[PDB]
Amino acid sequence: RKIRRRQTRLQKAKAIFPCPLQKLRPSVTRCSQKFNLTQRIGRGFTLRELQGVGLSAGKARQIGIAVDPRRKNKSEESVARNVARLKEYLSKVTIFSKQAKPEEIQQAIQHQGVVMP
Amino acid sequence: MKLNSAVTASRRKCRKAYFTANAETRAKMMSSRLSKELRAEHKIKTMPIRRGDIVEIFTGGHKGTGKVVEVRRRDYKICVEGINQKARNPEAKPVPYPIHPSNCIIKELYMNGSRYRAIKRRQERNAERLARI
Amino acid sequence: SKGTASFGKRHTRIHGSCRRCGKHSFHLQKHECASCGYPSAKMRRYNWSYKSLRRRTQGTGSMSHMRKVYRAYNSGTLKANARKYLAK
Amino acid sequence: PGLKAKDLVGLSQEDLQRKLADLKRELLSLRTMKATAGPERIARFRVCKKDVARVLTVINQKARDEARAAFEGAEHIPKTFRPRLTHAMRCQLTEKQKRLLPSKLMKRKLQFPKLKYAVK
Amino acid sequence: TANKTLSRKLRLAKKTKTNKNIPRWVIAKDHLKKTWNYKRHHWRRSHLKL
RNA sequence: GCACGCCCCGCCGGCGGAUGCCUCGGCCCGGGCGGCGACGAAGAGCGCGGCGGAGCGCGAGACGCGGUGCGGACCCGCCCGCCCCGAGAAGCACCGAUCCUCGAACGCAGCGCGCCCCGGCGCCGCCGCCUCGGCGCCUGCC
RNA sequence: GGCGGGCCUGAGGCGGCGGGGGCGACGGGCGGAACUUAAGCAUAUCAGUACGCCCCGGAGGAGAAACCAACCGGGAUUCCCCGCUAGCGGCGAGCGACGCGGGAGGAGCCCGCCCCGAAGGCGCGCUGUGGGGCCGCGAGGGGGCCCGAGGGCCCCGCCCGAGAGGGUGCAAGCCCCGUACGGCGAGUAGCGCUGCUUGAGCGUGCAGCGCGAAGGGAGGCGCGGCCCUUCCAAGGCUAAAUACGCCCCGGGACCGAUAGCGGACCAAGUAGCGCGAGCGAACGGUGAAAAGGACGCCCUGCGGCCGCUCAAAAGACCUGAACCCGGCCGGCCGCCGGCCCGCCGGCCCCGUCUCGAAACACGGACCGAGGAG
RNA sequence: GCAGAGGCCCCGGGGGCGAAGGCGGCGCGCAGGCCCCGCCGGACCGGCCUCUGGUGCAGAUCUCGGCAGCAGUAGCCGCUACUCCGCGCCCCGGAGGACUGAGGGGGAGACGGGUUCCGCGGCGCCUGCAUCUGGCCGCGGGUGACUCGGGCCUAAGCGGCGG
């Protein structure tokens, strides 16, 4: 099974060679008073957080940010956490368009693993 | 060693494949060493055995040279004219002693035309290999 | 007269050959096959007997068409499929 | 030793129909002879049987070729000439139909196209 | 039985033509070593269609 | 006592298939595929080989046929048929056909009987189409 | 009352297209046991199992909250790791989830309603169409002695990006093949009563019948108020990660022919058996090469005899044990001990239950293989 | 002690200058057991160290296969029956003497078996003694319909039907 998942992962990576396999996901307080101190990765950035950066949900998905309308920040501090995560990703991301630009694409380097862990 | 998984290294699978193989594969399995003189002329180490070939046995008892009168691929053996079991009765028809073709060196080949075409195909393929692939 | 004499009064053919399964299982009086199930459209398969299912099923015959079409799927049947999906 | 199909390919259907009848009368003759005689290995018998098949393959191939040409580019074509496919492939939605999407959905795909991107 | 059915007669007929010994030349060609058919039946003991 | 029957100081021989040795088979665990059918499946029956029983394989074009690309001397008996820079044995991959009777099984039976103008003739839907029925809703008439 | 048309329901016929049946698995729906455990037996347990029926598909189902939670909160589904215990149960025997947390994998949407009103897929439709894998080449070994035949030995060498293997007259990197190296949202929610079910407990989900809303649902102890958090049922789709047989491919600290599949045998679900459903065997090995037996002698003939082939008869077959038996030879004899060896002395038949067996207790003709913490 | 696995066996363990296996005979060990010799046999097999297990059989009315003594034993006691001669077998031919005794040990059909029927050759099996016999074995053949029967029609019954 381990070899199979890597082989499926390698095949998928090549299909979107410049793009990272994992989409950007949000830092989220782990639930319960047991883990309320720590933070983990959530399904998607809230519409308010994307609005704070200035990205619409559809435009954000193209950049690579997963969007969850369901999530509500529940705080003003939670929004700040994610808006800063979104801001950093926007700097790290480079949009390769210009029809075909093979030389830039060859050295693109696909990010591997979870983005901004 | 073998780095390819497709080929089987099992004694059971290997023996069944040899014991029951298609005639095209029986042919290559029944190849024999081209002589030093022939090798220099044709640049092929071993060519498959034919029914006009004259061959010199080099190991088994009965080490003489004769034309290959018959090839029985089912028995995986070839019969060479003049190498037979001792006919008990003097006035009796000879029974050939089959020799394996590995035990033989091909002194002469039946040239044919397909044999010549086959010899050439290998000569150009071996040249690609000799060109270090 | 429970055994020998009673067996001696037998001269009848309760069972007969089946149309669908060619076995001496077709009752002549009831018009049904003990093994084939004919005249039922569906065939008689009961998971109480693993052996009975194995005695007659796929692979117990020529498998003519299926073999020929399975071989084609490892060849050019799949290319023919792609052409049909796209235009014809 | 049997009539090469290359030669029958190069014939007329009427000549092929005549040839088949002659082979069939010969096939009767060989059958009469083998039964009457009490054997010669009957080598022609075996060859003739293959040459009744060879001639009839040619006659089918000509007929299929003539019929297929008549039934061409027409909705509703004789089933025998229909693409082999398989029962399920015949019944599967065309890739254009499978890809068919609602107008609102298509509008969004155009609005936000796939972008190539890379991250540090 | 003298009032038989063609379909029954046809299946009984195959059995009569099939109950035959291995041709000697077949034994020689394949080198059989088992020259007995074992699918050969006898009207006294075997009950076909039973 | 001899014979017998025992036991064996040993010597041979039957009878049986143990024990070893092997082994184209199983089992076990991974892969990989997921590909049947009214264009008739799965299955079944009957036939089919020059000599032909079983099994395999085919289907009256039958132990196979056509095309293509390889392959290049054989074909387990007896054959006769090939043999030759192509002439074409065994083999192989595909592709095009043929494909009897039954069988979801389809004119009706199951092996016998119809219809019909010559193509055929089963059911159940869906969608058009054609011919119509209704003191359903009316309208036009007399 | 007769007669023409339009509509609305219906018939008969023709076309075009589809459905049906099959696969010992996986997957969905339904019907549904009992043996068993409780050291009895009803509730329970077995078991939402066998089995019956019915549908798919390469996966299927599930799926974008009428969600969980109670926080410095998460956020569709599926699978995995953990939670193993909250609970349930003649609170007995037993049974038994989820929520966090770590992962694999991730993708979102659409209709009705409403706005337009044929702009449409235009014989329809305004009782609403339409829009919003193959193909290849492929290295390098001689001499000596012996053997039936080296692949054995004894000396010397050569190729390894190949010393994985298989074959060949014995144990072969260099004899043959190969291998390593390549190429080309309403009869609804709810509620009353019943029944099934669930860990779900004054109800976990379902269902019948009765009655039936409007802003409603939930928050794991019912009821009536008051809030607070959270969501929007009664319409629909959706990939992925997961499962799995036939079949094919490869591997094994697997079994080695009374074993391993029932089945290693050219003809096994076969031969046979049972009216039938169904049941169900036995059977591997000559040799390197069939070289599968030259000849002569006789015999009324059969057949025998020699010998032959082969390294060997290995002669219908590898080895050929035990039991059992026939010849010939040798003794008078169960065991244990002493001794020259047939005399003295001692010896009940084992296993097993049993207080106690030589028991007139039971099992045991004999031998081989298999046979149980 | 068994059967596999990982190692070792100081020029790389033992083997056609004879492996495993079998049969007799020593030797060592309290014994489980081991070793060697001779003979057969004809290609594989170990000792130690670490590992594994489907690992040791006198029994289970044990399973399966072989087979002994009883034992040349019990028995081959239905249907009255054979005899002589031919070359003569129980087959055949002649001649005698019987028997089934027209509800037949006769001649035929329905069913059921499925070629057993027939002719020619043979005995390897089978014919429970024999066989030159045969329903046995090999080979080659054999079932002809306007009128007879099926088909046909209905009977008990059984299916089929908008549903």
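In the order they appear, the protein sequences are chains A, B, C, D and E. If you count the first sequence from 1, position 78 lands on 88 in the numbering used here, and the numbers rise without skipping. If you count the second sequence from 1, position 49 lands on 570 in the numbering used here, and the numbers rise without skipping. If you count the third sequence from 1, position 13 lands on 63 in the numbering used here, and the numbers rise without skipping. If you count the fourth sequence from 1, position 19 lands on 969 in the numbering used here, and the numbers rise without skipping. If you count the fifth sequence from 1, position 7 lands on 47 in the numbering used here, and the numbers rise without skipping. Note that beta-carbon positions come from the ideal geometry of N, C-alpha and C, so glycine has one too.
At least 8 Å separates the beta-carbon of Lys134(C) from that of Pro951(D). Across the segment 55 to 74 of chain C, CB contacts with chain E closer than 8 Å involve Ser67, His74, in sequence order along the chain. Judged by their CB atoms, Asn605(B) and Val616(B) are nearer to each other than the 8 Å cut-off. Nearest C-alpha to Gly587(B) among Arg554(B), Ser623(B), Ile627(B), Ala608(B): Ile627(B). With its beta carbon less than 8 Å from one in chain A, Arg1058(D) belongs to the interface.
Sequence-ordered contacts of the segment 82 to 115 of chain A with chain D read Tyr99, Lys102, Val103, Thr104, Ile105, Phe106, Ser107, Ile115 [C-beta pairs closer than 8 Å]. With 16 or more other Cβ atoms from the protein chains shown falling within 10 Å of its own Cβ, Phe55(A) counts as buried. Sequence-distant Cβ neighbours of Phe1062(D) in its own chain, meaning closer than 6 Å and more than five residues away, do not exist here. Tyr1067(D) has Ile105(A) as its beta-bridge partners, per DSSP. Under the DSSP assignment, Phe579(B) falls outside any beta strand (DSSP E); it carries neither an H nor an E label. A distance below 7 Å between beta-carbons, with the five flanking residues on each side excluded, links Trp65(E) to no residue of its chain. Of the candidates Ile565(B), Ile599(B), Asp574(B), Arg595(B), the residue whose Cα lies closest to the Cα of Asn647(B) is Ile565(B). With fewer than 16 other Cβ atoms inside 10 Å of its own Cβ, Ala42(E) counts as exposed. In this structure, the CA atom of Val63(A) is about 15 Å from the CA atom of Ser37(A).
Annotation: Cβ neighbours of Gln120(A) in chain D (cutoff 7 Å, chain order): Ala1068.
In the DSSP assignment, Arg975(D) falls within the alpha helix (DSSP H) that extends over 963 to 986. Straight-line spacing of the CA atoms in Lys73(C) and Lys59(C) works out to 25 Å. At a cut-off of 8 Å between beta-carbon atoms, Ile75(A) makes no contact with chain D.
The continuous stretches of beta strand (DSSP E) do not include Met550(B), which lies in the alpha helix (DSSP H) extending over residues 544 to 550. With a 10 Å radius around the Cβ and a threshold of 16 neighbouring Cβ atoms, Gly74(A) comes out buried.
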